[PDB]
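S.K.: Dropping the structure in here first, questions after.
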Amino acid sequence: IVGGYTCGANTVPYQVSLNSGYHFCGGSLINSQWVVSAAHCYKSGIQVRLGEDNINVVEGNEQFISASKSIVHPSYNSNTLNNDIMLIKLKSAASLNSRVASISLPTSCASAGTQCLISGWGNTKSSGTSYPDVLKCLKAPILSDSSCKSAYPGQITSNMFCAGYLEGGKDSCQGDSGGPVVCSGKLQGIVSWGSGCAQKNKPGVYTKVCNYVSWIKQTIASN
Amino acid sequence: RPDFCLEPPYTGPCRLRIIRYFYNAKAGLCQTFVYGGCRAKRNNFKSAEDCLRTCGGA
């Protein structure tokens with residue numbers, strides 16, 4: 001997260017970290033045994049880390065639970081990045097509420113201008129490289145599909161949306177992928193891609209969750 | 001060595017943080033860099049060994 005701020009202690013209980021030896025992607029807990037992340041975050045042997053603002057602490061307040069199933073959307077396209085969403089089932093149920101609570105899925109899509117909260121342990125520098133020890137937060141508005149497509153001609157599908165500021169300075173970055181974009185207490189986005197980080201006229205692109213609610217529910221019910 | 005070995009490391013548009021290797025032609029050594037997760041170029045390897053076997057030879 002570039003141009004963000006240290007989230008309040010346990011203010012983002014639904015935020016999780018996908019681990020493969022170290023933190024590589026973020027994720028959102030949607031219930032006791034299911035996590036939603038980006039499809040490009042798929043790797044074998046993923047372990048999910050929950051309930052801990054500090055990404056390095058071991059034996060703190062965190063919980064490490066192995067992924068028992070990692071289901072990437074069946075139409076994920078690694079070239080166009082369309083349908084960039086994945087579901088991960090935890091081997092065992094996690095303890096909820098305190099520092100680990102699920103985020104509700106949307107009942108309807110958000111609108112441009114709607115202010116949302118984006119979080120992650122990604123890079124905090126747009127040009128350099130500085131990864132934080134604690135979870136970072138950022139308030140960013142959803143941008144009009146019109147300005148999104150103008151920013152990335154021929155790259156935005158109906159399953160994506162832009163959020164952030166065209167002036168640059170504030171945006172998600174490498175290390176934030178799979179992370180949540182919460183608007184009015186609802187998970188509307190998943191950190192996906194962008195041209196660089198926090199660059200002018202190059203806002204962040206996010207997976208449009210409201211388009212996969214049915215897929216998420218049915219997948220969870222069948223597995 | 002293949003010409004793609006002379007290209008600078010490409011992080012890409014995606015936003016995950018995974019370590020990969022690339023041949024740094026200027027240093028003549030394979031080194032690590034942060035790959036973003038998608039649209040990788042050929043100078044991107046999962047181990048120093050593979051990077052060296054592919055890009056090490058003159």
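Just remember, in the structure tokens the first chain shown is A, the second B, etc., residues are 1-based per chain, and ligands are 1-based in the order shown.
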Kindly provide the residues of chain A that approach chain B to within 7 Å, each paired with its closest atom pair and their distance in Å to one decimal, based on only C-alpha atoms, listed by chain and increasing number, as CSV.
M.R.:
```
residue,atom,partner,partner_atom,distance
A:24,CA,B:17,CA,4.6
A:25,CA,B:16,CA,5.2
A:40,CA,B:37,CA,6.1
A:41,CA,B:16,CA,6.8
A:78,CA,B:38,CA,6.6
A:79,CA,B:39,CA,6.6
A:173,CA,B:15,CA,5.6
A:174,CA,B:15,CA,3.9
A:175,CA,B:16,CA,4.4
A:176,CA,B:15,CA,5.9
A:177,CA,B:15,CA,4.6
A:192,CA,B:14,CA,5.9
A:193,CA,B:14,CA,4.2
A:194,CA,B:13,CA,5.0
A:195,CA,B:13,CA,5.3
A:196,CA,B:13,CA,6.4
```
S.K.: Quick one: residues within 8 Å of stretch 64-74 of chain A, only C-alpha atoms counted, chain neighbours fewer than 3 positions away excluded, as a VMD selection string?
M.R.: chain A and resid 39 42 45 to 50 83 to 92 94
S.K.: Kindly export the residues of the current selection with N, CA and C atoms, as a PDB file, in the first residue's frame.
M.R.:
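Full text of part.pdb as output:
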```pdb
ATOM      1  N   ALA A  39      -6.881 -15.073  -8.307  1.00  0.00           N
ATOM      2  CA  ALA A  39      -6.525 -16.314  -8.979  1.00  0.00           C
ATOM      3  C   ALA A  39      -5.019 -16.396  -9.246  1.00  0.00           C
ATOM      4  N   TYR A  42      -2.606 -18.285  -6.802  1.00  0.00           N
ATOM      5  CA  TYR A  42      -2.591 -19.727  -6.610  1.00  0.00           C
ATOM      6  C   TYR A  42      -1.177 -20.295  -6.619  1.00  0.00           C
ATOM      7  N   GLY A  45       0.519 -25.881  -1.686  1.00  0.00           N
ATOM      8  CA  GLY A  45       1.021 -25.821  -0.323  1.00  0.00           C
ATOM      9  C   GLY A  45       0.892 -24.479   0.370  1.00  0.00           C
ATOM     10  N   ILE A  46      -0.156 -23.740   0.040  1.00  0.00           N
ATOM     11  CA  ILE A  46      -0.381 -22.442   0.654  1.00  0.00           C
ATOM     12  C   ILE A  46      -0.831 -22.592   2.101  1.00  0.00           C
ATOM     13  N   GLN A  47      -0.357 -21.693   2.955  1.00  0.00           N
ATOM     14  CA  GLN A  47      -0.777 -21.685   4.346  1.00  0.00           C
ATOM     15  C   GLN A  47      -1.318 -20.290   4.594  1.00  0.00           C
ATOM     16  N   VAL A  48      -2.424 -20.212   5.320  1.00  0.00           N
ATOM     17  CA  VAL A  48      -3.051 -18.933   5.603  1.00  0.00           C
ATOM     18  C   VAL A  48      -2.728 -18.458   7.012  1.00  0.00           C
ATOM     19  N   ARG A  49      -2.327 -17.194   7.118  1.00  0.00           N
ATOM     20  CA  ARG A  49      -1.980 -16.570   8.392  1.00  0.00           C
ATOM     21  C   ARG A  49      -3.063 -15.543   8.728  1.00  0.00           C
ATOM     22  N   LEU A  50      -3.724 -15.715   9.871  1.00  0.00           N
ATOM     23  CA  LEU A  50      -4.792 -14.798  10.280  1.00  0.00           C
ATOM     24  C   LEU A  50      -4.597 -14.175  11.662  1.00  0.00           C
ATOM     25  N   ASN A  83     -11.516 -12.631 -14.643  1.00  0.00           N
ATOM     26  CA  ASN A  83     -11.911 -13.622 -13.639  1.00  0.00           C
ATOM     27  C   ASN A  83     -10.764 -13.944 -12.684  1.00  0.00           C
ATOM     28  N   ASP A  84     -10.119 -12.905 -12.166  1.00  0.00           N
ATOM     29  CA  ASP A  84      -8.995 -13.079 -11.253  1.00  0.00           C
ATOM     30  C   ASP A  84      -9.497 -13.227  -9.815  1.00  0.00           C
ATOM     31  N   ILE A  85     -10.004 -14.416  -9.499  1.00  0.00           N
ATOM     32  CA  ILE A  85     -10.529 -14.712  -8.168  1.00  0.00           C
ATOM     33  C   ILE A  85     -10.300 -16.186  -7.838  1.00  0.00           C
ATOM     34  N   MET A  86     -10.053 -16.470  -6.563  1.00  0.00           N
ATOM     35  CA  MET A  86      -9.794 -17.828  -6.106  1.00  0.00           C
ATOM     36  C   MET A  86     -10.350 -18.045  -4.702  1.00  0.00           C
ATOM     37  N   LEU A  87     -10.779 -19.272  -4.432  1.00  0.00           N
ATOM     38  CA  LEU A  87     -11.305 -19.630  -3.127  1.00  0.00           C
ATOM     39  C   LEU A  87     -10.378 -20.649  -2.480  1.00  0.00           C
ATOM     40  N   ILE A  88     -10.090 -20.441  -1.202  1.00  0.00           N
ATOM     41  CA  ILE A  88      -9.225 -21.336  -0.448  1.00  0.00           C
ATOM     42  C   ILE A  88      -9.964 -21.865   0.778  1.00  0.00           C
ATOM     43  N   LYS A  89      -9.993 -23.186   0.938  1.00  0.00           N
ATOM     44  CA  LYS A  89     -10.641 -23.790   2.099  1.00  0.00           C
ATOM     45  C   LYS A  89      -9.547 -24.100   3.112  1.00  0.00           C
ATOM     46  N   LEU A  90      -9.790 -23.763   4.375  1.00  0.00           N
ATOM     47  CA  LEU A  90      -8.811 -24.022   5.424  1.00  0.00           C
ATOM     48  C   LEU A  90      -8.947 -25.465   5.901  1.00  0.00           C
ATOM     49  N   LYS A  91      -7.820 -26.081   6.248  1.00  0.00           N
ATOM     50  CA  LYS A  91      -7.813 -27.463   6.708  1.00  0.00           C
ATOM     51  C   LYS A  91      -8.660 -27.637   7.965  1.00  0.00           C
ATOM     52  N   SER A  92      -8.695 -26.600   8.796  1.00  0.00           N
ATOM     53  CA  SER A  92      -9.487 -26.614  10.021  1.00  0.00           C
ATOM     54  C   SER A  92     -10.104 -25.230  10.180  1.00  0.00           C
ATOM     55  N   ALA A  94     -11.064 -21.616  11.734  1.00  0.00           N
ATOM     56  CA  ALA A  94     -10.340 -20.602  12.493  1.00  0.00           C
ATOM     57  C   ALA A  94     -11.243 -19.989  13.564  1.00  0.00           C
TER      58      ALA A  94
END
```
S.K.: So which one's closest to residue B:20, B:2, B:7, B:46, B:53? Using only C-alpha atoms, please.
M.R.: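 Going through B:2, B:7, B:46, B:53 one by one, the smallest distance to residue B:20 is for B:46.
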S.K.: Can you pull out the residues contacting residue A:93? Cut-off 10 Å, using only C-alpha atoms, and skip same-chain residues under 5 positions away; I want them as a PDB file with C-alpha atoms, in the first residue's frame.
M.R.:
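This is the output file around_0.pdb:
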```
ATOM      1  CA  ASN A  31     -16.384 -17.534   6.904  1.00  0.00           C
ATOM      2  CA  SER A  32     -14.700 -19.864   9.417  1.00  0.00           C
ATOM      3  CA  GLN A  33     -13.115 -22.071   6.744  1.00  0.00           C
ATOM      4  CA  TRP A  34     -13.045 -20.102   3.485  1.00  0.00           C
ATOM      5  CA  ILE A  65      -3.809 -22.898   8.917  1.00  0.00           C
TER       6      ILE A  65
END
```
S.K.: Can you pull out every residue within 6 Å of stretch 112-114 of chain A, counting only C-alpha atoms, but drop anything in the same chain fewer than 3 positions away, and send it as a PDB file with C-alpha atoms, in the first residue's frame?
M.R.:
```pdb
ATOM      1  CA  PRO A 141     -12.963   5.897  -4.133  1.00  0.00           C
ATOM      2  CA  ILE A 142     -14.261   3.673  -6.919  1.00  0.00           C
ATOM      3  CA  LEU A 143     -13.602   5.278 -10.295  1.00  0.00           C
ATOM      4  CA  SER A 144     -16.069   5.499 -13.179  1.00  0.00           C
TER       5      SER A 144
END
```
S.K.: I need the residue nearest residue B:49 from this list: B:26, B:8, B:31, B:1. Use only C-alpha atoms for the distance.
M.R.: B:31
S.K.: Residues near residue A:102, anyone? I mean within 9 Å using only C-alpha atoms, not counting same-chain ones fewer than 2 positions away, as an mmCIF file with N, CA, C and O atoms, in the first residue's frame.
M.R.:
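The new file around.cif reads:
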```cif
data_model
loop_
_atom_site.group_PDB
_atom_site.id
_atom_site.type_symbol
_atom_site.label_atom_id
_atom_site.label_comp_id
_atom_site.auth_asym_id
_atom_site.auth_seq_id
_atom_site.Cartn_x
_atom_site.Cartn_y
_atom_site.Cartn_z
ATOM 1 N N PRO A 13 -9.980 -7.240 10.726
ATOM 2 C CA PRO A 13 -9.984 -8.640 11.163
ATOM 3 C C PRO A 13 -10.219 -9.683 10.075
ATOM 4 O O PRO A 13 -9.938 -10.862 10.276
ATOM 5 N N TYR A 14 -10.736 -9.255 8.928
ATOM 6 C CA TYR A 14 -11.005 -10.178 7.830
ATOM 7 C C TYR A 14 -9.799 -10.351 6.907
ATOM 8 O O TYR A 14 -9.794 -11.219 6.033
ATOM 9 N N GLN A 15 -8.780 -9.524 7.113
ATOM 10 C CA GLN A 15 -7.562 -9.578 6.305
ATOM 11 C C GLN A 15 -6.692 -10.769 6.696
ATOM 12 O O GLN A 15 -6.455 -11.010 7.879
ATOM 13 N N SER A 28 -9.136 -12.454 1.928
ATOM 14 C CA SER A 28 -10.250 -12.044 2.780
ATOM 15 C C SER A 28 -11.011 -13.259 3.298
ATOM 16 O O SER A 28 -11.413 -14.126 2.526
ATOM 17 N N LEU A 29 -11.206 -13.316 4.610
ATOM 18 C CA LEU A 29 -11.930 -14.421 5.225
ATOM 19 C C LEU A 29 -13.428 -14.177 5.036
ATOM 20 O O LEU A 29 -13.940 -13.132 5.432
ATOM 21 N N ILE A 30 -14.134 -15.123 4.421
ATOM 22 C CA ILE A 30 -15.570 -14.943 4.218
ATOM 23 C C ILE A 30 -16.413 -15.805 5.161
ATOM 24 O O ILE A 30 -17.637 -15.679 5.206
ATOM 25 N N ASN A 31 -15.743 -16.676 5.909
ATOM 26 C CA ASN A 31 -16.384 -17.534 6.904
ATOM 27 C C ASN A 31 -15.292 -18.296 7.648
ATOM 28 O O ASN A 31 -14.111 -18.132 7.339
ATOM 29 N N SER A 32 -15.674 -19.122 8.617
ATOM 30 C CA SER A 32 -14.700 -19.864 9.417
ATOM 31 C C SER A 32 -13.685 -20.719 8.658
ATOM 32 O O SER A 32 -12.567 -20.910 9.136
ATOM 33 N N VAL A 35 -11.491 -18.618 2.397
ATOM 34 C CA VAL A 35 -10.798 -17.371 2.103
ATOM 35 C C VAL A 35 -10.935 -17.044 0.617
ATOM 36 O O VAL A 35 -10.891 -17.936 -0.226
ATOM 37 N N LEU A 96 -13.077 -17.195 15.215
ATOM 38 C CA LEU A 96 -13.583 -15.909 14.752
ATOM 39 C C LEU A 96 -13.843 -14.782 15.758
ATOM 40 O O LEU A 96 -13.858 -14.988 16.973
ATOM 41 N N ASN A 97 -14.027 -13.584 15.196
ATOM 42 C CA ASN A 97 -14.322 -12.334 15.902
ATOM 43 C C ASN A 97 -13.215 -11.418 16.407
ATOM 44 O O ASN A 97 -12.862 -10.458 15.723
ATOM 45 N N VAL A 100 -10.019 -11.930 14.275
ATOM 46 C CA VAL A 100 -10.289 -12.712 13.077
ATOM 47 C C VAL A 100 -11.785 -12.813 12.815
ATOM 48 O O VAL A 100 -12.462 -13.653 13.397
ATOM 49 N N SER A 104 -18.554 -9.649 4.975
ATOM 50 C CA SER A 104 -19.764 -10.004 4.247
ATOM 51 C C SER A 104 -19.646 -9.758 2.750
ATOM 52 O O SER A 104 -19.007 -8.798 2.316
#
```
S.K.: Measuring atom to atom with only C-alpha atoms, identify which of B:28, B:3, B:56, B:9 is nearest to residue B:44.
M.R.: B:9
S.K.: Determine, counting only C-alpha atoms, which protein, DNA and RNA residues have an atom within 12 Å of an atom of residue A:12; residues of the same chain fewer than 6 positions away are not included. Present the result as a PyMOL selection string.
M.R.: chain A and resi 6+27-29+50-53+97-103+117-120+134-138+179-182+185
S.K.: For residue A:129, which residue out of B:50, B:57, B:33, B:5 is the nearest one, using only C-alpha atoms?
M.R.: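 Counting only C-alpha atoms, the residue closest to residue A:129 is B:33.
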S.K.: Looking only at alpha helix (DSSP H) from DSSP on the backbone, list the matching residues of chain B as a list in words.
M.R.: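 Filtering chain B to alpha helix (DSSP H) leaves residues 48, 49, 50, 51, 52, 53, 54 and 55 of chain B.
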S.K.: Go ahead and dump the residues you just picked, N, CA, C and O atoms, as a PDB file, in the first residue's frame.
M.R.:
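Full text of part35.pdb as output:
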```pdb
ATOM      1  N   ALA B  48      18.119 -20.338  -9.007  1.00  0.00           N
ATOM      2  CA  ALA B  48      19.363 -19.795  -9.534  1.00  0.00           C
ATOM      3  C   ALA B  48      19.943 -20.800 -10.525  1.00  0.00           C
ATOM      4  O   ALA B  48      20.486 -20.423 -11.563  1.00  0.00           O
ATOM      5  N   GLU B  49      19.804 -22.085 -10.205  1.00  0.00           N
ATOM      6  CA  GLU B  49      20.315 -23.150 -11.059  1.00  0.00           C
ATOM      7  C   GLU B  49      19.751 -23.084 -12.477  1.00  0.00           C
ATOM      8  O   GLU B  49      20.502 -23.129 -13.454  1.00  0.00           O
ATOM      9  N   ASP B  50      18.429 -22.989 -12.590  1.00  0.00           N
ATOM     10  CA  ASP B  50      17.794 -22.923 -13.900  1.00  0.00           C
ATOM     11  C   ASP B  50      18.205 -21.647 -14.628  1.00  0.00           C
ATOM     12  O   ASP B  50      18.403 -21.650 -15.842  1.00  0.00           O
ATOM     13  N   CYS B  51      18.325 -20.555 -13.879  1.00  0.00           N
ATOM     14  CA  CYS B  51      18.717 -19.274 -14.455  1.00  0.00           C
ATOM     15  C   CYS B  51      20.122 -19.372 -15.042  1.00  0.00           C
ATOM     16  O   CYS B  51      20.376 -18.906 -16.154  1.00  0.00           O
ATOM     17  N   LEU B  52      21.028 -19.993 -14.294  1.00  0.00           N
ATOM     18  CA  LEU B  52      22.406 -20.147 -14.742  1.00  0.00           C
ATOM     19  C   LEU B  52      22.530 -21.102 -15.925  1.00  0.00           C
ATOM     20  O   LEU B  52      23.267 -20.831 -16.876  1.00  0.00           O
ATOM     21  N   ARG B  53      21.811 -22.218 -15.872  1.00  0.00           N
ATOM     22  CA  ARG B  53      21.865 -23.188 -16.957  1.00  0.00           C
ATOM     23  C   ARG B  53      21.341 -22.600 -18.257  1.00  0.00           C
ATOM     24  O   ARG B  53      21.815 -22.943 -19.338  1.00  0.00           O
ATOM     25  N   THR B  54      20.372 -21.699 -18.152  1.00  0.00           N
ATOM     26  CA  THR B  54      19.780 -21.088 -19.334  1.00  0.00           C
ATOM     27  C   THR B  54      20.495 -19.831 -19.821  1.00  0.00           C
ATOM     28  O   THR B  54      20.663 -19.634 -21.025  1.00  0.00           O
ATOM     29  N   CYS B  55      20.915 -18.987 -18.886  1.00  0.00           N
ATOM     30  CA  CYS B  55      21.555 -17.723 -19.231  1.00  0.00           C
ATOM     31  C   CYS B  55      23.033 -17.552 -18.892  1.00  0.00           C
ATOM     32  O   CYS B  55      23.636 -16.539 -19.250  1.00  0.00           O
TER      33      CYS B  55
END
```
S.K.: So, with only C-alpha atoms as the atoms that count, which of A:126, A:150, A:219, A:157 lies closest to residue A:1?
M.R.: A:126
